[PDB]
>>> print(open('structure_14.csv').read())   # CSV, N, CA and C atoms
chain,number,residue,atom,x,y,z
A,1,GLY,N,-124.0,75.2,69.7
A,1,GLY,CA,-124.9,74.1,70.2
A,1,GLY,C,-126.0,74.7,71.0
A,2,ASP,N,-126.1,76.0,71.3
A,2,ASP,CA,-127.2,76.5,72.0
A,2,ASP,C,-128.5,76.4,71.2
A,3,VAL,N,-128.4,76.6,69.9
A,3,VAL,CA,-129.5,76.4,68.9
A,3,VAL,C,-129.0,75.5,67.8
A,4,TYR,N,-129.8,74.6,67.4
A,4,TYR,CA,-129.5,73.7,66.3
A,4,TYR,C,-130.8,73.1,65.7
A,5,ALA,N,-130.7,72.2,64.7
A,5,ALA,CA,-131.8,71.7,64.0
A,5,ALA,C,-132.1,70.3,64.6
A,6,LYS,N,-133.4,70.1,65.0
A,6,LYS,CA,-133.8,68.8,65.6
A,6,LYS,C,-134.6,67.9,64.6
A,7,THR,N,-135.3,68.5,63.7
A,7,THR,CA,-136.1,67.7,62.7
A,7,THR,C,-135.2,67.0,61.8
A,8,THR,N,-135.8,65.9,61.2
A,8,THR,CA,-135.0,65.1,60.2
A,8,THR,C,-134.7,65.9,59.0
A,9,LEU,N,-135.7,66.7,58.5
A,9,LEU,CA,-135.4,67.5,57.3
A,9,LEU,C,-134.4,68.6,57.6
A,10,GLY,N,-134.5,69.2,58.7
A,10,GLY,CA,-133.5,70.2,59.1
A,10,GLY,C,-132.1,69.7,59.2
A,11,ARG,N,-131.9,68.5,59.9
A,11,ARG,CA,-130.6,67.9,60.0
A,11,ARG,C,-130.1,67.5,58.6
A,12,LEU,N,-131.0,66.9,57.7
A,12,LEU,CA,-130.5,66.6,56.4
A,12,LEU,C,-130.1,67.8,55.6
A,13,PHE,N,-130.8,68.9,55.7
A,13,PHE,CA,-130.4,70.1,55.0
A,13,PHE,C,-129.1,70.6,55.6
A,14,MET,N,-128.9,70.5,56.9
A,14,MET,CA,-127.6,70.9,57.5
A,14,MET,C,-126.4,70.1,57.0
A,15,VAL,N,-126.7,68.7,56.9
A,15,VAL,CA,-125.6,67.8,56.4
A,15,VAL,C,-125.3,68.2,54.9
A,16,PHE,N,-126.3,68.4,54.1
A,16,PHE,CA,-126.0,68.7,52.7
A,16,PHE,C,-125.7,70.2,52.4
A,17,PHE,N,-125.8,71.0,53.4
A,17,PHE,CA,-125.5,72.4,53.3
A,17,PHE,C,-124.1,72.8,53.9
A,18,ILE,N,-123.6,72.0,54.8
A,18,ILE,CA,-122.3,72.3,55.3
A,18,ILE,C,-121.2,72.3,54.2
A,19,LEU,N,-121.3,71.3,53.3
A,19,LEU,CA,-120.3,71.1,52.3
A,19,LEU,C,-120.1,72.3,51.4
A,20,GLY,N,-121.3,73.0,51.1
A,20,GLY,CA,-121.2,74.2,50.3
A,20,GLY,C,-121.0,75.4,51.1
A,21,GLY,N,-121.7,75.6,52.2
A,21,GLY,CA,-121.6,76.8,53.0
A,21,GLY,C,-120.3,77.1,53.6
A,22,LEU,N,-119.6,76.0,54.1
A,22,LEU,CA,-118.3,76.2,54.7
A,22,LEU,C,-117.3,76.7,53.6
A,23,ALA,N,-117.3,76.1,52.5
A,23,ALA,CA,-116.4,76.5,51.4
A,23,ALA,C,-116.7,77.9,50.9
A,24,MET,N,-118.0,78.2,50.8
A,24,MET,CA,-118.4,79.6,50.4
A,24,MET,C,-117.9,80.6,51.4
A,25,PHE,N,-118.1,80.4,52.7
A,25,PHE,CA,-117.7,81.3,53.7
A,25,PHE,C,-116.1,81.5,53.6
A,26,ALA,N,-115.4,80.3,53.6
A,26,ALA,CA,-114.0,80.4,53.6
A,26,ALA,C,-113.4,81.1,52.4
A,27,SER,N,-114.0,80.9,51.3
A,27,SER,CA,-113.5,81.5,50.0
A,27,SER,C,-114.0,82.9,49.8
A,28,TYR,N,-115.0,83.3,50.5
A,28,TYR,CA,-115.7,84.6,50.3
A,28,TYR,C,-115.3,85.7,51.3
A,29,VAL,N,-115.3,85.3,52.6
A,29,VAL,CA,-115.1,86.4,53.6
A,29,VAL,C,-113.8,87.0,53.5
A,30,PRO,N,-112.6,86.3,53.4
A,30,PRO,CA,-111.3,86.9,53.3
A,30,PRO,C,-111.2,87.8,52.0
A,31,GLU,N,-111.8,87.4,50.9
A,31,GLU,CA,-111.8,88.1,49.7
A,31,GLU,C,-112.6,89.4,49.8
A,32,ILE,N,-113.7,89.4,50.4
A,32,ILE,CA,-114.5,90.6,50.7
A,32,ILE,C,-113.8,91.5,51.6
A,33,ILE,N,-113.1,91.0,52.6
A,33,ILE,CA,-112.4,91.8,53.6
A,33,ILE,C,-111.2,92.5,52.9
A,34,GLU,N,-110.5,91.8,52.0
A,34,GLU,CA,-109.3,92.4,51.4
A,34,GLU,C,-109.7,93.4,50.3
A,35,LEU,N,-110.9,93.2,49.7
A,35,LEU,CA,-111.3,94.1,48.6
A,35,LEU,C,-111.7,95.4,49.2
A,36,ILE,N,-112.3,95.5,50.3
A,36,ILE,CA,-112.7,96.8,50.9
A,36,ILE,C,-111.5,97.5,51.4
A,37,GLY,N,-110.6,96.8,52.1
A,37,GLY,CA,-109.5,97.5,52.7
A,37,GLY,C,-108.3,97.9,51.9
A,38,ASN,N,-108.3,97.6,50.6
A,38,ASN,CA,-107.2,97.9,49.7
A,38,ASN,C,-107.4,99.3,49.1
A,39,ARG,N,-107.7,100.3,49.9
A,39,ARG,CA,-107.8,101.7,49.4
A,39,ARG,C,-106.5,102.4,49.4
A,40,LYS,N,-106.4,103.6,48.8
A,40,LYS,CA,-105.2,104.4,48.7
A,40,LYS,C,-104.8,104.9,50.1
A,41,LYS,N,-103.6,104.8,50.4
A,41,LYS,CA,-103.1,105.2,51.8
A,41,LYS,C,-102.5,106.6,51.8
A,42,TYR,N,-101.7,107.0,50.9
A,42,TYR,CA,-101.0,108.3,50.9
A,42,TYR,C,-101.6,109.3,49.8
A,43,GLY,N,-102.8,109.0,49.3
A,43,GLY,CA,-103.4,109.9,48.4
A,43,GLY,C,-103.8,111.2,49.1
A,44,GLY,N,-103.9,112.3,48.3
A,44,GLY,CA,-104.3,113.6,48.9
A,44,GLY,C,-103.5,114.7,48.2
A,45,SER,N,-103.5,115.8,48.9
A,45,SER,CA,-102.8,117.0,48.3
A,45,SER,C,-102.0,117.7,49.4
A,46,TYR,N,-101.0,118.5,49.0
A,46,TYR,CA,-100.3,119.3,50.0
A,46,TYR,C,-100.9,120.7,50.1
A,47,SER,N,-101.1,121.1,51.4
A,47,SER,CA,-101.6,122.4,51.7
A,47,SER,C,-100.5,123.4,51.9
A,48,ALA,N,-100.4,124.4,50.9
A,48,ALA,CA,-99.4,125.4,51.0
A,48,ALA,C,-99.6,126.3,52.2
B,1,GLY,N,-122.6,69.5,69.6
B,1,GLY,CA,-122.7,68.9,70.9
B,1,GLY,C,-124.0,68.3,71.3
B,2,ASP,N,-125.0,68.4,70.4
B,2,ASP,CA,-126.3,67.8,70.6
B,2,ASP,C,-126.1,66.3,70.6
B,3,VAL,N,-125.3,65.7,69.7
B,3,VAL,CA,-125.0,64.3,69.7
B,3,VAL,C,-123.5,64.1,69.7
B,4,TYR,N,-123.0,63.2,70.5
B,4,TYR,CA,-121.6,62.9,70.5
B,4,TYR,C,-121.4,61.5,71.0
B,5,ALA,N,-120.2,61.0,70.9
B,5,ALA,CA,-119.8,59.6,71.4
B,5,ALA,C,-119.7,59.7,72.9
B,6,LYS,N,-120.4,58.8,73.6
B,6,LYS,CA,-120.3,58.7,75.0
B,6,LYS,C,-119.5,57.5,75.5
B,7,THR,N,-119.3,56.5,74.8
B,7,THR,CA,-118.5,55.3,75.2
B,7,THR,C,-117.0,55.7,75.1
B,8,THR,N,-116.2,55.0,75.9
B,8,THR,CA,-114.8,55.2,75.8
B,8,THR,C,-114.2,54.7,74.5
B,9,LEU,N,-114.7,53.6,73.9
B,9,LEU,CA,-114.2,53.1,72.7
B,9,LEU,C,-114.6,54.1,71.5
B,10,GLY,N,-115.9,54.6,71.6
B,10,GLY,CA,-116.3,55.6,70.6
B,10,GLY,C,-115.5,56.8,70.7
B,11,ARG,N,-115.2,57.3,71.9
B,11,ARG,CA,-114.4,58.5,72.1
B,11,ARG,C,-112.9,58.2,71.6
B,12,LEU,N,-112.4,57.0,71.8
B,12,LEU,CA,-111.1,56.7,71.2
B,12,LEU,C,-111.1,56.8,69.7
B,13,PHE,N,-112.1,56.2,69.1
B,13,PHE,CA,-112.2,56.3,67.6
B,13,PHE,C,-112.3,57.7,67.2
B,14,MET,N,-113.1,58.5,67.9
B,14,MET,CA,-113.2,59.9,67.5
B,14,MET,C,-111.9,60.6,67.6
B,15,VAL,N,-111.1,60.3,68.7
B,15,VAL,CA,-109.8,60.9,68.8
B,15,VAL,C,-108.9,60.5,67.7
B,16,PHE,N,-108.9,59.3,67.3
B,16,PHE,CA,-108.0,58.8,66.2
B,16,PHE,C,-108.6,59.1,64.8
B,17,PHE,N,-109.8,59.5,64.7
B,17,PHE,CA,-110.4,59.9,63.4
B,17,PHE,C,-110.3,61.4,63.2
B,18,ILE,N,-110.4,62.2,64.2
B,18,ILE,CA,-110.2,63.7,64.1
B,18,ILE,C,-108.8,64.0,63.5
B,19,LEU,N,-107.8,63.1,63.8
B,19,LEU,CA,-106.5,63.4,63.2
B,19,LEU,C,-106.5,63.3,61.7
B,20,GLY,N,-107.2,62.4,61.1
B,20,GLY,CA,-107.2,62.2,59.7
B,20,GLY,C,-108.4,62.6,58.9
B,21,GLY,N,-109.6,62.5,59.6
B,21,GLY,CA,-110.8,62.9,58.9
B,21,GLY,C,-110.9,64.4,58.5
B,22,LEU,N,-110.5,65.2,59.5
B,22,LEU,CA,-110.6,66.7,59.2
B,22,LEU,C,-109.7,67.1,58.1
B,23,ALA,N,-108.5,66.6,58.0
B,23,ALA,CA,-107.6,67.0,56.9
B,23,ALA,C,-108.2,66.5,55.6
B,24,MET,N,-108.7,65.2,55.6
B,24,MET,CA,-109.4,64.7,54.3
B,24,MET,C,-110.5,65.6,53.9
B,25,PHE,N,-111.4,66.0,54.8
B,25,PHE,CA,-112.5,66.9,54.4
B,25,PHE,C,-112.0,68.2,53.9
B,26,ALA,N,-111.0,68.9,54.6
B,26,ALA,CA,-110.5,70.2,54.2
B,26,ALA,C,-109.8,70.2,52.9
B,27,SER,N,-109.1,69.0,52.6
B,27,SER,CA,-108.4,69.0,51.3
B,27,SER,C,-109.2,68.4,50.2
B,28,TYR,N,-110.4,67.7,50.5
B,28,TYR,CA,-111.2,67.1,49.4
B,28,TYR,C,-112.3,68.0,49.0
B,29,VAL,N,-113.1,68.6,49.9
B,29,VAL,CA,-114.3,69.4,49.6
B,29,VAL,C,-114.0,70.6,48.7
B,30,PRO,N,-113.0,71.4,48.9
B,30,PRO,CA,-112.7,72.5,48.0
B,30,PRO,C,-112.3,72.0,46.6
B,31,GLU,N,-111.5,70.9,46.6
B,31,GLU,CA,-111.1,70.3,45.3
B,31,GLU,C,-112.3,69.8,44.5
B,32,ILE,N,-113.2,69.1,45.2
B,32,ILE,CA,-114.4,68.6,44.5
B,32,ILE,C,-115.2,69.7,44.0
B,33,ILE,N,-115.4,70.8,44.8
B,33,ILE,CA,-116.1,71.9,44.4
B,33,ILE,C,-115.5,72.6,43.1
B,34,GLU,N,-114.2,72.7,43.1
B,34,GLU,CA,-113.5,73.3,42.0
B,34,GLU,C,-113.6,72.4,40.7
B,35,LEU,N,-113.5,71.1,40.9
B,35,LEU,CA,-113.6,70.2,39.8
B,35,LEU,C,-114.9,70.1,39.1
B,36,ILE,N,-116.0,70.6,39.7
B,36,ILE,CA,-117.3,70.7,39.1
B,36,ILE,C,-117.6,72.0,38.5
B,37,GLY,N,-117.1,73.1,39.1
B,37,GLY,CA,-117.4,74.4,38.7
B,37,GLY,C,-116.8,75.0,37.5
B,38,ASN,N,-115.8,74.2,36.9
B,38,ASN,CA,-115.1,74.6,35.7
B,38,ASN,C,-115.8,74.1,34.4
B,39,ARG,N,-116.4,75.0,33.6
B,39,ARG,CA,-117.1,74.6,32.4
B,39,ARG,C,-116.9,75.6,31.4
B,40,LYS,N,-117.5,75.4,30.2
B,40,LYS,CA,-117.4,76.4,29.1
B,40,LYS,C,-118.5,77.5,29.4
B,41,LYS,N,-118.1,78.6,29.9
B,41,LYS,CA,-119.0,79.7,30.2
B,41,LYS,C,-119.6,80.3,29.0
B,42,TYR,N,-118.8,80.5,27.9
B,42,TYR,CA,-119.3,81.1,26.7
B,42,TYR,C,-119.4,80.1,25.6
B,43,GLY,N,-119.3,78.8,25.8
B,43,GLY,CA,-119.5,77.8,24.8
B,43,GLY,C,-120.9,77.8,24.3
B,44,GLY,N,-121.1,77.6,23.0
B,44,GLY,CA,-122.4,77.6,22.4
B,44,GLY,C,-122.3,77.9,20.9
B,45,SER,N,-123.5,78.0,20.3
B,45,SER,CA,-123.6,78.2,18.8
B,45,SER,C,-124.4,79.4,18.6
B,46,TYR,N,-123.9,80.3,17.7
B,46,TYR,CA,-124.7,81.4,17.3
B,46,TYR,C,-125.9,81.0,16.4
B,47,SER,N,-127.0,81.6,16.7
B,47,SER,CA,-128.3,81.3,16.0
B,47,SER,C,-128.6,82.5,15.1
B,48,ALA,N,-128.3,82.5,13.9
B,48,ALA,CA,-128.6,83.5,12.9
B,48,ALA,C,-130.1,83.6,12.7
>>> encode(input="structure_14.csv", output="structure tokens")
Amino acid sequence: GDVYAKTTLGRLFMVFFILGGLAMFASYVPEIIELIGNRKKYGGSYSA
Amino acid sequence: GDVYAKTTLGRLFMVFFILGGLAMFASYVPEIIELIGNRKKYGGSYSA
């Protein structure tokens, strides 16, 4: 609430953008997080 | 927080609406989004 939209067009865009943006964030951020972090854990080689 | 209910009756309705409205939004918006995004991605006719 420190910064928000005061104009009528800005508030209208916020109203019609929440429905899409909230869903996109919720369905995208966890997937991006899990895609990066699923790397190999015990890969490598033994040093004689 | 720019705009909110200031009357006691409006606050009471907000209290009793947050119980049901939030669940309705969270269970309806993703389903509505999914019900529109499913189409024939490769449907079409070959043009010789």
>>> interface_residues(input="structure_14.csv", of="chain A", to="chain B", cutoff="7 Å", atoms="all atoms listed in the file", output="list in words")
residues 1, 19 and 23 of chain A
>>> write_last_selection(input="structure_14.csv", atoms="N, CA and C atoms", output="PDB file, keeping the file's coordinate frame")
ATOM      1  N   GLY A   1    -124.000  75.200  69.700  1.00  0.00           N
ATOM      2  CA  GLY A   1    -124.900  74.100  70.200  1.00  0.00           C
ATOM      3  C   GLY A   1    -126.000  74.700  71.000  1.00  0.00           C
ATOM      4  N   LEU A  19    -121.300  71.300  53.300  1.00  0.00           N
ATOM      5  CA  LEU A  19    -120.300  71.100  52.300  1.00  0.00           C
ATOM      6  C   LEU A  19    -120.100  72.300  51.400  1.00  0.00           C
ATOM      7  N   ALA A  23    -117.300  76.100  52.500  1.00  0.00           N
ATOM      8  CA  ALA A  23    -116.400  76.500  51.400  1.00  0.00           C
ATOM      9  C   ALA A  23    -116.700  77.900  50.900  1.00  0.00           C
TER      10      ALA A  23
END
>>> calpha_fit_rmsd(input="structure_14.csv", fixed="chain B", moving="chain A")
0.3 Å
>>> atom_distance(input="structure_14.csv", atom1="CA of residue 34 in chain B", atom2="CA of residue 20 in chain A")
11.4 Å
>>> atom_distance(input="structure_14.csv", atom1="CA of residue 22 in chain B", atom2="CA of residue 27 in chain A")
17.7 Å
>>> atom_distance(input="structure_14.csv", atom1="atom C of residue 5 in chain A", atom2="atom N of residue 13 in chain B")
24.9 Å
